[PDB]
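Note sheet for the following structure.
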Amino acid sequence: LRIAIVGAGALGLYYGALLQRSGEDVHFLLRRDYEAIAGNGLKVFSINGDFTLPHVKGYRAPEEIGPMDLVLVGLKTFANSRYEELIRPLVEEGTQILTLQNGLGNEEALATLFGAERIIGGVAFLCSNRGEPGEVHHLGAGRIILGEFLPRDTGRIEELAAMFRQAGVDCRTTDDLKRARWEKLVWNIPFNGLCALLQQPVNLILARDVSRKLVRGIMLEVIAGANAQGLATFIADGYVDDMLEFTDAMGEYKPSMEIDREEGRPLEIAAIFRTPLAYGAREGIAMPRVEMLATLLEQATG
Amino acid sequence: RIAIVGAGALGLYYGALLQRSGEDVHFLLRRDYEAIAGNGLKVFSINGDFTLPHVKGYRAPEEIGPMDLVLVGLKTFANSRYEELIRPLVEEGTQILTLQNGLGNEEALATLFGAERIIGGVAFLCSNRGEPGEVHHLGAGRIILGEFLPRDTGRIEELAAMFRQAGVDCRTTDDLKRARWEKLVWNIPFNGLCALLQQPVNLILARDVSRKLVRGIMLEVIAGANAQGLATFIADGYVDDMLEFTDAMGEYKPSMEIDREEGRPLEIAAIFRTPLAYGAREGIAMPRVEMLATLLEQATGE
């Protein structure tokens with residue numbers, strides 16, 4: 001099975017590394033650290049034991065790779081205008097596209113660009129900061145839940161789930177990709193939002209009672225927008241308490257958006273915030289706290 | 001009003017937060033009386049560090065005298081010392097709050113002093129200690145408060161309010177017994193396996209068949225819980241919820257593993273042998289908890 005990794009980053013390189021370690025033909029597409037990876041290799045620093053890959057099949061242009069069986073898009077979503085130029089040379093009849101990037105609107109913009117039956121969505125729970133050119137730092141978790149965009153057929157999702165399980169990634173299969181994306185949004189929106197804005201890790205947002213109270217209300221707004229979107233099964237309100245207690249054992253974790261704010265690179269406001277808001281306002285649901293958060297966030301960074 | 005009987009990684013932490021918000025806190029120190037009478041204790045947290053310049057410390061409980069509340073944070077192998085350590089602190093109206101691990105603690109103190117004095121607190125805290133008078137708080141800290149003998153709310157809500165004022169996320173339940181068993185679902189696989197294998201939680205969770213083991217251990221604890229006269233049944237699926245909860249903890253080394261590393265005794269009796277007793281009393285097959293308890297006393301006998 002041959003794979004393209006379009007994105008790199010903490011997410012793309014980590015799953016890319018684990019795939020070739022379990023014997024899969026993985027073709028990396030790099031920009032920033034092409035010379036530091038082709039000359040050296042990529043080092044994975046993990047809590048489940050470090051490992052290094054001495055040789056890595058690395059490319060700096062998508063046309064050099066050619067058509068692929070699978071393509072992992074782990075890109076940051078501010079470069080979604082680059083979907084056409086980076087993915088087109090990898091598309092053959094039978095090519096299936098996997099997306100692990102945060103928020104909504106990613107599966108939909110790729111289905112319009114290539115085809116709905118090709119699109120597999122993966123909601124990934126990964127604790128990873130990264131990089132002095134060619135290094136990945138695995139800090140926690142890593143589990144994936146796989147779902148197809150066009151909802152119908154069993155074999156492909158199972159073959160992919162087993163493949164990630166062969167690579168040592170905890171992998172699950174679901175019938176409702178929409179719901180699982182919205183379930184991740186319940187954590188993503190308050191915690192990537194408030195933490196990037198206030199420039200404070202999750203524990204300090206959780207330490208104040210009134211800030212906890214804010215978090216709940218953000219979460220309930222997300223749930224309401226989720227529940228009236230066309231879900232096969234309803235997301236209960238108790239899930240707020242579940243995700244609240246979940247984050248309480250993450251310690252001093254700084255989420256991805258906060259790290260981007262600290263590193264001077266742009267933030268994924270469009271996919272994490274504006275798009276769920278657009279989908280929520282499409283069905284006419286009040287989401288004032290999300291909107292306020294979205295606005296302040298793009299005010300803060302410009 | 002408050003006496004701290006324990007002076008471990010949790011008794012110090014909670015007592016330091018209690019007097020920081022202006023409570024009359026009296027610490028019973030043993031190993032490090034002289035280090036805290038000279039300098040005071042330093043609390044290092046993820047929620048910002050603080051230092052108490054002066055600490056009301058004592059070496060004998062008869063010097064402290066009658067109290068309003070005694071927080072017991074003792075390690076459960078010192079439970080034979082209940083009478084000598086707590087009796088001088090007890091007057092008519094004194095209430096005893098137990099925050100230690102496992103079972104039997106509420107009932108022992110109830111037999112010893114009076115059941116209408118006893119308050120059970122299931123606490124969840126990540127804390128290693130140890131530079132005589134230095135407390136490290138790595139995460140969480142939330143407490144669920146129950147009364148052993150089920151009479152009133154004011155008493156339990158006044159204590160809950162008192163903790164919340166001090167910055168402790170503090171809840172209240174009507175089923176203390178259930179909540180103890182709820183924490184046993186986590187404490188048995190993880191404080192068990194990690195101490196035995198001498199590995200952190202992420203490794204135990206990394207192998208597929210080891211997750212299946214954890215599942216099985218967990219299901220037994222639940223089965224031993226559900227036949228214990230609980231007001232409301234613990235469902236399985238609470239398994240899936242501690243499986244995913246522990247996965248957000250990264251490279252975490254539980255209290256029992258830390259105690260194994262430092263070569264100090266383990267709380268096998270309260271965490272393992274008492275619940276196994278409670279299940280056998282009702283006749284429940286718990287082969288895995290048994291094997292674990294036993295292998296764990298085999299490794300720490302030598």
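Please note that chains go A, B, ... in the order of the structure tokens, that every chain numbers its residues from 1, and that ligands are numbered from 1 in the order shown.
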- Might you pull out every residue within 12 Å of residue 264 (chain B), with only C-alpha atoms counted and same-chain residues fewer than 3 positions away left off, and present them as JSON, numbers by chain? {"B": [75, 77, 195, 255, 256, 257, 258, 259, 260, 261, 267, 300, 301]}
Now that the selection is made, can you save its residues with N, CA, C and O atoms as a CSV table (one decimal), in the first residue's frame?
```
chain,number,residue,atom,x,y,z
B,75,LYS,N,-1.4,7.4,54.7
B,75,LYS,CA,-1.3,6.2,53.9
B,75,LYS,C,-2.0,5.1,54.7
B,75,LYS,O,-1.8,5.0,55.9
B,77,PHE,N,-1.7,1.9,55.2
B,77,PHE,CA,-1.0,0.9,56.0
B,77,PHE,C,-0.7,1.5,57.4
B,77,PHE,O,-0.3,0.7,58.3
B,195,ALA,N,2.8,-0.4,38.9
B,195,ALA,CA,3.8,-0.7,40.0
B,195,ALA,C,4.5,-2.0,39.7
B,195,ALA,O,5.7,-2.1,40.0
B,255,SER,N,0.6,6.7,41.9
B,255,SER,CA,1.2,6.8,43.2
B,255,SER,C,1.9,5.6,43.7
B,255,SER,O,3.0,5.6,44.3
B,256,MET,N,1.3,4.4,43.4
B,256,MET,CA,1.9,3.1,43.8
B,256,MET,C,3.2,2.8,43.1
B,256,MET,O,4.1,2.1,43.7
B,257,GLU,N,3.3,3.2,41.8
B,257,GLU,CA,4.6,3.0,41.1
B,257,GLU,C,5.7,3.8,41.7
B,257,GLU,O,6.8,3.4,41.8
B,258,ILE,N,5.4,5.1,42.0
B,258,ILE,CA,6.3,6.0,42.7
B,258,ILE,C,6.8,5.5,44.0
B,258,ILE,O,8.0,5.5,44.3
B,259,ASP,N,5.8,4.9,44.8
B,259,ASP,CA,6.2,4.3,46.1
B,259,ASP,C,7.1,3.1,45.9
B,259,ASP,O,7.9,2.8,46.8
B,260,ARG,N,6.9,2.3,44.9
B,260,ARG,CA,7.7,1.2,44.5
B,260,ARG,C,9.1,1.6,44.1
B,260,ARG,O,10.1,1.0,44.6
B,261,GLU,N,9.2,2.7,43.4
B,261,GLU,CA,10.5,3.3,43.0
B,261,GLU,C,11.3,3.8,44.2
B,261,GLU,O,12.6,3.6,44.2
B,267,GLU,N,-0.1,0.4,49.3
B,267,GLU,CA,-1.4,0.3,49.8
B,267,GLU,C,-2.2,-0.9,49.2
B,267,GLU,O,-3.4,-0.6,48.8
B,300,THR,N,7.0,-7.2,46.1
B,300,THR,CA,7.4,-6.4,47.2
B,300,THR,C,7.4,-7.1,48.5
B,300,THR,O,6.7,-6.7,49.5
B,301,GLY,N,8.1,-8.2,48.5
B,301,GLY,CA,8.3,-9.0,49.8
B,301,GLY,C,9.8,-9.3,49.9
B,301,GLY,O,10.5,-8.9,50.8
```
Could you list, as a PyMOL selection string, every residue within 6 Å of residue 6 (chain A), counting only C-alpha atoms and ignoring same-chain residues fewer than 4 positions away?
chain A and resi 29+72-73
Output file for the selection above: N, CA and C atoms, as a PDB file, in the first residue's frame:
```pdb
ATOM      1  N   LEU A  29       5.823  14.586   1.332  1.00  0.00           N
ATOM      2  CA  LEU A  29       5.969  15.841   0.608  1.00  0.00           C
ATOM      3  C   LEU A  29       6.339  16.952   1.590  1.00  0.00           C
ATOM      4  N   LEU A  72      -2.745  11.143   2.683  1.00  0.00           N
ATOM      5  CA  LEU A  72      -3.050  11.726   3.986  1.00  0.00           C
ATOM      6  C   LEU A  72      -2.846  13.231   3.964  1.00  0.00           C
ATOM      7  N   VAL A  73      -3.948  13.970   4.025  1.00  0.00           N
ATOM      8  CA  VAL A  73      -3.883  15.419   4.169  1.00  0.00           C
ATOM      9  C   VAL A  73      -3.887  15.782   5.655  1.00  0.00           C
TER      10      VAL A  73
END
```
Report as a Markdown table: every residue of chain B with an atom at most 12 Å from chain A, its closest pair of atoms, and their distance in Å to one decimal, counting only C-alpha atoms, with rows sorted by chain and ascending residue number.
```
| residue | atom | partner | partner_atom | distance |
| --- | --- | --- | --- | --- |
| B:45 | CA | A:252 | CA | 9.6 |
| B:46 | CA | A:252 | CA | 6.0 |
| B:47 | CA | A:204 | CA | 6.0 |
| B:48 | CA | A:204 | CA | 8.8 |
| B:124 | CA | A:249 | CA | 9.3 |
| B:125 | CA | A:249 | CA | 8.8 |
| B:126 | CA | A:249 | CA | 8.3 |
| B:127 | CA | A:251 | CA | 11.1 |
| B:137 | CA | A:251 | CA | 9.4 |
| B:138 | CA | A:251 | CA | 6.2 |
| B:139 | CA | A:251 | CA | 4.6 |
| B:140 | CA | A:248 | CA | 5.3 |
| B:141 | CA | A:248 | CA | 8.6 |
| B:142 | CA | A:248 | CA | 8.7 |
| B:143 | CA | A:245 | CA | 11.8 |
| B:164 | CA | A:209 | CA | 8.5 |
| B:165 | CA | A:209 | CA | 9.9 |
| B:166 | CA | A:208 | CA | 10.9 |
| B:167 | CA | A:207 | CA | 7.2 |
| B:168 | CA | A:207 | CA | 8.3 |
| B:169 | CA | A:209 | CA | 8.0 |
| B:170 | CA | A:209 | CA | 10.6 |
| B:199 | CA | A:48 | CA | 10.5 |
| B:200 | CA | A:47 | CA | 9.3 |
| B:201 | CA | A:48 | CA | 10.0 |
| B:202 | CA | A:48 | CA | 6.8 |
| B:203 | CA | A:48 | CA | 6.1 |
| B:204 | CA | A:48 | CA | 9.8 |
| B:205 | CA | A:141 | CA | 9.3 |
| B:206 | CA | A:48 | CA | 7.3 |
| B:207 | CA | A:168 | CA | 7.8 |
| B:208 | CA | A:170 | CA | 8.1 |
| B:209 | CA | A:170 | CA | 11.8 |
| B:211 | CA | A:170 | CA | 10.3 |
| B:238 | CA | A:242 | CA | 11.2 |
| B:241 | CA | A:242 | CA | 8.7 |
| B:242 | CA | A:246 | CA | 9.5 |
| B:243 | CA | A:141 | CA | 11.0 |
| B:244 | CA | A:246 | CA | 8.3 |
| B:245 | CA | A:246 | CA | 5.7 |
| B:246 | CA | A:249 | CA | 7.9 |
| B:247 | CA | A:141 | CA | 5.4 |
| B:248 | CA | A:250 | CA | 5.6 |
| B:249 | CA | A:250 | CA | 5.4 |
| B:250 | CA | A:140 | CA | 4.4 |
| B:251 | CA | A:47 | CA | 6.2 |
| B:252 | CA | A:249 | CA | 9.9 |
```
If you count only C-alpha atoms, which residues fall within 7 Å of residue 117 (chain B), apart from same-chain ones fewer than 5 positions away, as a PyMOL selection string? chain B and resi 94-96
- Message: Can you pull out every residue from region 59-277 of chain B that DSSP, working from the backbone, puts in alpha helix (DSSP H), and format the result as a PyMOL selection string?
- Response: chain B and resi 61-64+82-86+105-112+154-165+176-197+201-204+208-226+238-246+255-261+268+274-277
Worksheet item: What residues in region 45-201 of chain B get the DSSP label strand (DSSP E or B)? Please answer as a PyMOL selection string.
Response: chain B and resi 45+50-52+57-58+69-72+95-98+118-126+129+134-137+139-147+170-172
### Task
Work out how far CA of residue 275 (chain A) is from CA of residue 76 (chain A), in Å to one decimal.
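Rounded to one decimal, the two atoms are 14.9 Å apart.
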Worksheet entry | Contacts of residue 232 (chain B) within 10 Å, only C-alpha atoms, excl. fewer than 5 positions in-chain, as a list in words | residues 175, 178 and 226 of chain B
Checklist line | Shell of 8 Å around residue 279 (chain B), only C-alpha atoms, local chain residues under 3 positions omitted, as JSON, numbers by chain | finding: {"B": [224, 225, 227, 228, 275, 276, 282, 283, 284, 285, 286]}
With C-alpha atoms retained, write the just-selected residues as a CSV table (one decimal), in the first residue's frame.
```
chain,number,residue,atom,x,y,z
B,224,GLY,CA,-17.9,-6.4,42.6
B,225,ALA,CA,-19.3,-2.9,42.8
B,227,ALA,CA,-23.5,-6.4,44.0
B,228,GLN,CA,-22.6,-4.2,47.0
B,275,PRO,CA,-12.5,-4.8,47.7
B,276,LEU,CA,-11.7,-8.5,46.9
B,282,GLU,CA,-21.2,-11.4,48.2
B,283,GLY,CA,-19.5,-14.2,46.1
B,284,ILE,CA,-18.1,-12.6,43.0
B,285,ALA,CA,-15.5,-14.2,40.8
B,286,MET,CA,-12.6,-11.7,40.5
```
request  = List the neighbours of residue 85 (chain A) out to 12 Å using only C-alpha atoms; skip same-chain residues closer than 5 positions along the sequence, and give me the result as an MDAnalysis selection string.
outcome  = chainID A and resid 6 61:63 79:80 90:91 113
